[PDB]
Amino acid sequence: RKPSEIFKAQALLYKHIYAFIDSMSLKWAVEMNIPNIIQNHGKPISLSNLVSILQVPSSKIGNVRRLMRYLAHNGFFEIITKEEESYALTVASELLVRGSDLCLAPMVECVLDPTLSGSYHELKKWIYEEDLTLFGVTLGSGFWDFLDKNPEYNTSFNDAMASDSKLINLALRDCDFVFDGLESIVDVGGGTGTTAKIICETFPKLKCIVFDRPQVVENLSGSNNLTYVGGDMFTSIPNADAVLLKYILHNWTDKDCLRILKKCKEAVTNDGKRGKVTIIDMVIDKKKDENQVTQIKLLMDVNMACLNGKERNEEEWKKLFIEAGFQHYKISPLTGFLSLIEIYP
(Lines of atoms letter the chains of each structure in order from A and count residues from 1; the text may use other names and numbers.)
(Lines give C-alpha, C1' and ligand atoms only; values in the text may rest on other atoms or scores of the structure.)
Protein backbone atom coordinates (compact mmCIF):
# COMPACT_ATOMS: atom_id res chain seq x y z
CA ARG A 1 0.00 0.00 0.00
CA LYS A 2 1.49 3.19 -1.40
CA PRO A 3 0.05 6.46 -2.92
CA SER A 4 -1.43 6.94 -6.43
CA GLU A 5 1.22 4.56 -7.81
CA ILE A 6 -1.57 2.06 -7.18
CA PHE A 7 -3.53 3.41 -10.20
CA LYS A 8 -0.40 2.96 -12.32
CA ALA A 9 0.08 -0.66 -11.13
CA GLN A 10 -3.60 -1.28 -11.77
CA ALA A 11 -3.13 -0.13 -15.39
CA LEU A 12 -0.24 -2.59 -15.78
CA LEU A 13 -2.22 -5.48 -14.25
CA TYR A 14 -5.19 -4.77 -16.58
CA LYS A 15 -2.96 -4.62 -19.63
CA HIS A 16 -1.88 -8.15 -18.82
CA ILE A 17 -5.15 -9.62 -17.73
CA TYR A 18 -6.60 -8.58 -21.10
CA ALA A 19 -3.51 -9.18 -23.27
CA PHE A 20 -5.32 -12.13 -25.00
CA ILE A 21 -7.45 -9.48 -26.75
CA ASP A 22 -4.32 -8.44 -28.72
CA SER A 23 -4.16 -12.05 -30.04
CA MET A 24 -7.91 -12.40 -30.64
CA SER A 25 -8.28 -9.09 -32.42
CA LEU A 26 -5.40 -10.02 -34.78
CA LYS A 27 -7.05 -13.40 -35.42
CA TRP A 28 -10.29 -11.54 -36.17
CA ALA A 29 -8.65 -9.29 -38.74
CA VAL A 30 -7.16 -12.31 -40.59
CA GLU A 31 -10.45 -14.30 -40.44
CA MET A 32 -12.38 -11.32 -41.79
CA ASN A 33 -9.75 -11.12 -44.62
CA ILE A 34 -9.17 -7.45 -43.97
CA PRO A 35 -5.50 -7.20 -45.04
CA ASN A 36 -6.34 -8.72 -48.45
CA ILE A 37 -9.46 -6.56 -48.88
CA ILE A 38 -7.32 -3.49 -48.36
CA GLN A 39 -4.56 -4.71 -50.69
CA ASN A 40 -7.17 -5.47 -53.41
CA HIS A 41 -8.74 -2.03 -52.90
CA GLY A 42 -5.42 -0.44 -53.94
CA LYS A 43 -5.72 2.46 -51.54
CA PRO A 44 -6.70 3.06 -47.87
CA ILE A 45 -10.26 1.87 -47.38
CA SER A 46 -13.04 3.98 -45.83
CA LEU A 47 -14.96 2.49 -42.90
CA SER A 48 -18.14 2.60 -45.02
CA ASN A 49 -16.56 0.74 -47.95
CA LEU A 50 -15.02 -1.77 -45.53
CA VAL A 51 -18.26 -2.66 -43.79
CA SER A 52 -19.99 -2.71 -47.21
CA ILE A 53 -17.56 -5.33 -48.46
CA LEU A 54 -17.80 -7.30 -45.18
CA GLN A 55 -21.60 -7.16 -45.17
CA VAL A 56 -21.75 -6.88 -41.38
CA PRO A 57 -25.11 -5.83 -39.86
CA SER A 58 -25.46 -2.11 -39.20
CA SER A 59 -25.72 -2.81 -35.43
CA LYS A 60 -22.11 -4.08 -35.54
CA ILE A 61 -20.53 -1.45 -37.76
CA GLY A 62 -19.40 0.57 -34.69
CA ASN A 63 -17.82 -2.60 -33.34
CA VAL A 64 -15.86 -3.03 -36.58
CA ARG A 65 -14.63 0.59 -36.17
CA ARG A 66 -13.65 0.00 -32.53
CA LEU A 67 -11.66 -3.13 -33.45
CA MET A 68 -9.97 -1.42 -36.39
CA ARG A 69 -8.82 1.49 -34.27
CA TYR A 70 -7.49 -0.93 -31.62
CA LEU A 71 -5.55 -2.87 -34.29
CA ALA A 72 -4.29 0.40 -35.82
CA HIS A 73 -2.87 1.67 -32.52
CA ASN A 74 -1.07 -1.68 -32.28
CA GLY A 75 0.56 -1.05 -35.62
CA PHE A 76 -1.41 -3.19 -37.97
CA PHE A 77 -3.17 -0.41 -39.86
CA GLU A 78 -2.56 3.29 -40.40
CA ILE A 79 -5.61 5.56 -39.96
CA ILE A 80 -5.88 8.34 -42.55
CA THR A 81 -8.57 10.96 -41.94
CA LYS A 82 -10.17 13.20 -44.59
CA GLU A 83 -13.86 13.31 -45.37
CA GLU A 84 -13.95 9.87 -43.77
CA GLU A 85 -11.74 7.68 -41.61
CA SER A 86 -9.77 5.27 -43.84
CA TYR A 87 -7.46 2.31 -43.07
CA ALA A 88 -4.16 1.61 -44.75
CA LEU A 89 -1.88 -1.42 -44.52
CA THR A 90 1.41 -1.17 -42.61
CA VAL A 91 4.53 -3.27 -43.03
CA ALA A 92 3.20 -5.56 -40.30
CA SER A 93 -0.19 -6.17 -41.95
CA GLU A 94 1.53 -6.56 -45.35
CA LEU A 95 2.91 -9.76 -43.76
CA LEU A 96 -0.76 -10.96 -43.76
CA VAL A 97 -1.45 -10.36 -47.49
CA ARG A 98 -1.69 -13.45 -49.65
CA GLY A 99 0.86 -13.83 -52.33
CA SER A 100 2.88 -11.10 -50.72
CA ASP A 101 6.60 -12.17 -50.65
CA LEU A 102 6.50 -13.31 -47.01
CA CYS A 103 2.99 -14.15 -45.76
CA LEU A 104 2.62 -15.24 -42.15
CA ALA A 105 -1.18 -15.29 -41.93
CA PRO A 106 -1.12 -19.10 -41.76
CA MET A 107 1.00 -18.86 -38.61
CA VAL A 108 -1.61 -16.59 -36.97
CA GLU A 109 -4.36 -19.08 -37.74
CA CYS A 110 -2.47 -22.15 -36.69
CA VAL A 111 -1.24 -20.87 -33.35
CA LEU A 112 -4.54 -19.26 -32.43
CA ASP A 113 -6.63 -22.40 -32.88
CA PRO A 114 -8.87 -22.48 -29.77
CA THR A 115 -7.74 -25.90 -28.62
CA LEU A 116 -4.04 -25.31 -29.07
CA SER A 117 -3.85 -21.78 -27.66
CA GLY A 118 -6.47 -22.70 -25.04
CA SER A 119 -4.00 -25.30 -23.72
CA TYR A 120 -2.10 -22.49 -21.98
CA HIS A 121 -4.93 -22.27 -19.43
CA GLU A 122 -3.43 -25.49 -18.02
CA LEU A 123 0.12 -24.24 -17.27
CA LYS A 124 -0.47 -25.18 -13.53
CA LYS A 125 -1.44 -28.85 -14.26
CA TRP A 126 1.52 -29.06 -16.68
CA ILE A 127 4.12 -27.63 -14.27
CA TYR A 128 3.18 -30.52 -11.94
CA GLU A 129 3.68 -33.21 -14.59
CA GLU A 130 7.04 -34.99 -14.46
CA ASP A 131 6.98 -35.93 -18.13
CA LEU A 132 4.00 -34.65 -20.12
CA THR A 133 4.38 -31.67 -22.47
CA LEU A 134 1.70 -28.95 -22.25
CA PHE A 135 0.00 -30.27 -25.38
CA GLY A 136 0.24 -33.80 -23.95
CA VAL A 137 -1.79 -32.65 -20.95
CA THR A 138 -4.55 -31.04 -23.05
CA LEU A 139 -4.77 -33.14 -26.22
CA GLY A 140 -4.52 -36.54 -24.58
CA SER A 141 -1.68 -37.73 -26.80
CA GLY A 142 1.64 -36.39 -27.96
CA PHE A 143 1.50 -33.65 -30.62
CA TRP A 144 2.75 -35.67 -33.59
CA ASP A 145 0.34 -38.53 -32.96
CA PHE A 146 -2.37 -35.88 -32.60
CA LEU A 147 -1.55 -34.44 -36.05
CA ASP A 148 -1.73 -37.93 -37.56
CA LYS A 149 -5.29 -38.36 -36.26
CA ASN A 150 -6.54 -34.88 -37.14
CA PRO A 151 -6.05 -33.98 -40.82
CA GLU A 152 -7.26 -30.42 -40.54
CA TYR A 153 -4.77 -29.80 -37.75
CA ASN A 154 -2.00 -31.42 -39.78
CA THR A 155 -2.84 -29.16 -42.74
CA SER A 156 -2.91 -26.06 -40.58
CA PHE A 157 0.46 -26.95 -38.99
CA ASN A 158 2.05 -27.69 -42.39
CA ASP A 159 0.80 -24.42 -43.86
CA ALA A 160 2.17 -22.58 -40.83
CA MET A 161 5.61 -24.25 -41.20
CA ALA A 162 5.56 -23.46 -44.92
CA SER A 163 4.85 -19.78 -44.36
CA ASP A 164 8.44 -18.69 -43.57
CA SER A 165 10.02 -21.58 -45.45
CA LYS A 166 11.07 -19.82 -48.65
CA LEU A 167 13.07 -17.21 -46.71
CA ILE A 168 14.93 -19.70 -44.53
CA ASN A 169 15.45 -22.26 -47.26
CA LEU A 170 16.84 -19.68 -49.69
CA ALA A 171 19.17 -18.37 -46.94
CA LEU A 172 20.30 -21.94 -46.36
CA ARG A 173 20.97 -22.87 -50.00
CA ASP A 174 22.99 -19.62 -50.36
CA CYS A 175 25.39 -20.91 -47.68
CA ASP A 176 28.09 -22.57 -49.79
CA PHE A 177 30.15 -23.51 -46.81
CA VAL A 178 27.35 -25.84 -45.72
CA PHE A 179 27.17 -27.68 -49.01
CA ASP A 180 30.74 -27.65 -50.32
CA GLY A 181 32.03 -31.15 -50.88
CA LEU A 182 28.88 -32.99 -49.87
CA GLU A 183 27.74 -35.91 -51.87
CA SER A 184 24.68 -36.68 -49.71
CA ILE A 185 22.57 -35.09 -46.99
CA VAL A 186 19.64 -36.32 -44.91
CA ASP A 187 17.06 -33.73 -43.70
CA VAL A 188 15.98 -35.20 -40.38
CA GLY A 189 12.36 -34.28 -39.56
CA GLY A 190 12.34 -32.97 -43.19
CA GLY A 191 8.58 -32.84 -43.43
CA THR A 192 7.15 -33.14 -46.92
CA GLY A 193 10.49 -32.14 -48.44
CA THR A 194 10.12 -28.41 -48.76
CA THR A 195 13.73 -27.67 -47.79
CA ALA A 196 15.14 -30.63 -49.70
CA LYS A 197 13.49 -29.57 -52.96
CA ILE A 198 15.18 -26.15 -52.77
CA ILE A 199 18.46 -27.85 -51.92
CA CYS A 200 18.16 -30.17 -54.93
CA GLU A 201 17.14 -27.35 -57.30
CA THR A 202 20.32 -25.58 -56.22
CA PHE A 203 22.67 -28.59 -56.17
CA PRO A 204 21.46 -30.99 -58.87
CA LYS A 205 24.11 -33.57 -58.21
CA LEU A 206 23.61 -33.81 -54.46
CA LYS A 207 21.75 -36.82 -53.05
CA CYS A 208 19.12 -35.69 -50.55
CA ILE A 209 17.02 -37.91 -48.31
CA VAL A 210 13.88 -36.41 -46.69
CA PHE A 211 13.52 -38.35 -43.43
CA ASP A 212 10.39 -38.04 -41.29
CA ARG A 213 7.68 -40.20 -39.64
CA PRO A 214 6.02 -42.77 -41.88
CA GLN A 215 2.66 -41.03 -41.93
CA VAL A 216 4.24 -37.79 -43.03
CA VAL A 217 6.14 -39.17 -46.02
CA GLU A 218 3.73 -41.87 -47.11
CA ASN A 219 2.72 -41.62 -50.71
CA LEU A 220 5.24 -38.86 -51.36
CA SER A 221 7.27 -39.36 -54.52
CA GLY A 222 10.77 -38.13 -55.03
CA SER A 223 12.79 -37.71 -58.19
CA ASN A 224 16.35 -37.70 -59.42
CA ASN A 225 18.50 -37.59 -56.33
CA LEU A 226 15.62 -36.71 -53.92
CA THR A 227 14.12 -39.66 -52.00
CA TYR A 228 11.85 -40.04 -48.97
CA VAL A 229 12.47 -42.38 -46.03
CA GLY A 230 9.93 -43.04 -43.28
CA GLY A 231 11.36 -43.74 -39.83
CA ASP A 232 12.00 -42.67 -36.24
CA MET A 233 14.93 -40.37 -35.51
CA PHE A 234 15.19 -41.79 -31.99
CA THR A 235 15.87 -45.28 -33.44
CA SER A 236 17.86 -44.97 -36.67
CA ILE A 237 18.71 -42.18 -39.08
CA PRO A 238 19.99 -43.06 -42.61
CA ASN A 239 23.71 -42.64 -43.25
CA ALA A 240 24.71 -39.54 -45.19
CA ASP A 241 27.65 -37.10 -45.36
CA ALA A 242 25.61 -34.59 -43.33
CA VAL A 243 22.37 -34.27 -41.36
CA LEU A 244 20.14 -31.19 -41.43
CA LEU A 245 17.93 -30.39 -38.38
CA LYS A 246 15.66 -27.38 -39.24
CA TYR A 247 13.29 -26.36 -36.43
CA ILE A 248 13.74 -29.82 -34.75
CA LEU A 249 15.82 -29.45 -31.57
CA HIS A 250 13.89 -26.57 -30.09
CA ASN A 251 10.86 -28.93 -29.89
CA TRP A 252 12.55 -31.27 -27.33
CA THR A 253 13.95 -31.34 -23.83
CA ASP A 254 17.72 -31.48 -23.33
CA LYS A 255 17.37 -35.24 -22.60
CA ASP A 256 15.52 -35.88 -25.88
CA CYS A 257 17.90 -33.61 -27.84
CA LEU A 258 20.77 -35.77 -26.59
CA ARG A 259 19.01 -38.86 -27.92
CA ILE A 260 18.46 -37.25 -31.37
CA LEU A 261 22.04 -35.86 -31.49
CA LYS A 262 23.49 -39.33 -30.74
CA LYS A 263 21.55 -40.86 -33.64
CA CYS A 264 22.68 -38.04 -35.91
CA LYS A 265 26.33 -38.53 -34.89
CA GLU A 266 25.98 -42.22 -35.68
CA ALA A 267 24.52 -41.41 -39.14
CA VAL A 268 27.48 -39.24 -40.13
CA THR A 269 30.27 -41.39 -38.72
CA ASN A 270 29.46 -44.81 -40.37
CA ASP A 271 32.11 -46.61 -42.47
CA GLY A 272 34.97 -44.54 -41.00
CA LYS A 273 33.57 -41.27 -42.38
CA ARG A 274 33.54 -38.03 -40.38
CA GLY A 275 30.62 -35.91 -41.51
CA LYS A 276 28.74 -33.14 -39.74
CA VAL A 277 25.35 -31.97 -38.44
CA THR A 278 23.79 -28.65 -39.47
CA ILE A 279 21.13 -27.14 -37.21
CA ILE A 280 18.74 -24.22 -37.93
CA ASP A 281 17.08 -22.79 -34.75
CA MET A 282 17.26 -19.69 -32.59
CA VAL A 283 20.27 -18.76 -30.49
CA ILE A 284 19.43 -16.43 -27.59
CA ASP A 285 22.16 -13.84 -26.97
CA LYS A 286 21.15 -11.14 -24.48
CA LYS A 287 24.30 -9.18 -24.95
CA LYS A 288 24.54 -9.18 -28.74
CA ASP A 289 20.97 -9.11 -29.94
CA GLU A 290 18.92 -5.96 -30.03
CA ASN A 291 16.58 -5.95 -27.08
CA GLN A 292 13.46 -6.27 -29.18
CA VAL A 293 14.91 -9.41 -30.78
CA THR A 294 15.92 -10.91 -27.42
CA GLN A 295 12.39 -10.33 -26.14
CA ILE A 296 10.75 -12.27 -28.97
CA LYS A 297 13.22 -15.15 -28.52
CA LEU A 298 12.45 -15.26 -24.78
CA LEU A 299 8.76 -15.20 -25.62
CA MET A 300 9.15 -18.12 -28.09
CA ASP A 301 11.03 -19.98 -25.33
CA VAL A 302 8.08 -19.69 -22.99
CA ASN A 303 5.70 -20.69 -25.80
CA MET A 304 7.64 -23.94 -26.34
CA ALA A 305 6.04 -25.34 -23.15
CA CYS A 306 3.65 -26.87 -25.73
CA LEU A 307 6.25 -29.58 -26.49
CA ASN A 308 8.54 -29.21 -23.41
CA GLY A 309 10.79 -27.43 -25.91
CA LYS A 310 13.20 -24.54 -25.39
CA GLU A 311 15.02 -21.75 -27.27
CA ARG A 312 18.62 -21.96 -26.23
CA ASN A 313 21.46 -19.60 -25.65
CA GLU A 314 25.05 -20.45 -26.74
CA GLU A 315 26.08 -22.01 -23.43
CA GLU A 316 23.00 -24.26 -23.46
CA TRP A 317 23.72 -25.34 -27.06
CA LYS A 318 27.42 -25.93 -26.23
CA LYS A 319 26.57 -28.10 -23.21
CA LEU A 320 24.32 -30.35 -25.38
CA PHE A 321 26.94 -30.67 -28.14
CA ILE A 322 29.63 -31.64 -25.68
CA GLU A 323 27.45 -34.12 -23.88
CA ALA A 324 26.48 -35.69 -27.22
CA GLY A 325 30.15 -36.18 -28.09
CA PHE A 326 30.73 -33.51 -30.71
CA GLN A 327 34.20 -31.94 -30.68
CA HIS A 328 33.53 -28.38 -31.78
CA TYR A 329 30.81 -26.15 -33.23
CA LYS A 330 30.31 -22.94 -35.17
CA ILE A 331 27.36 -20.52 -35.08
CA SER A 332 26.55 -18.10 -37.96
CA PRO A 333 23.58 -15.77 -38.42
CA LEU A 334 21.14 -17.13 -41.04
CA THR A 335 18.01 -14.98 -41.40
CA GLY A 336 15.76 -13.00 -39.08
CA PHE A 337 15.44 -14.79 -35.75
CA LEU A 338 17.42 -17.87 -36.85
CA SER A 339 21.03 -19.04 -36.73
CA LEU A 340 22.90 -21.76 -38.61
CA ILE A 341 24.89 -23.99 -36.25
CA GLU A 342 27.31 -26.68 -37.47
CA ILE A 343 28.62 -29.38 -35.16
CA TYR A 344 31.57 -31.72 -35.85
CA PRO A 345 31.92 -35.25 -34.43
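In this text, residue numbers run from 1 along the sequence as written.
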query = Comparing 217-225 with 183-191, which stretch shows the greater average C-alpha B-factor in the deposited entry?
reply = 217-225
ask   = Per the entry, where is the mean C-alpha temperature factor higher: 285-293 or 40-48?
value = 285-293
inquiry  = Per the entry's Cα B factor values, which of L102, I248, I260, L206 stands out as the maximum?
reply    = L102
message = Sorting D113, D212, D164, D254 by Cα temperature factor from the record, which one lands on top?
response = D164
message = Please place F76 in the lowest, middle or highest third of its chain according to the CA B-factor in the PDB entry.
response = middle
query = How does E31 rank on Cα B-factor within its chain, lowest, middle or highest third?
reply = lowest
request  = Just say lowest, middle or highest third for the CA B-factor of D232 relative to the other modelled residues in its chain.
outcome  = lowest
ask   = By its CA B factor, does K319 count among the lowest, middle or highest third of the modelled residues in the chain?
value = highest
note = Entry-reported C-alpha B-factor of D241 relative to its chain, by third, is lowest
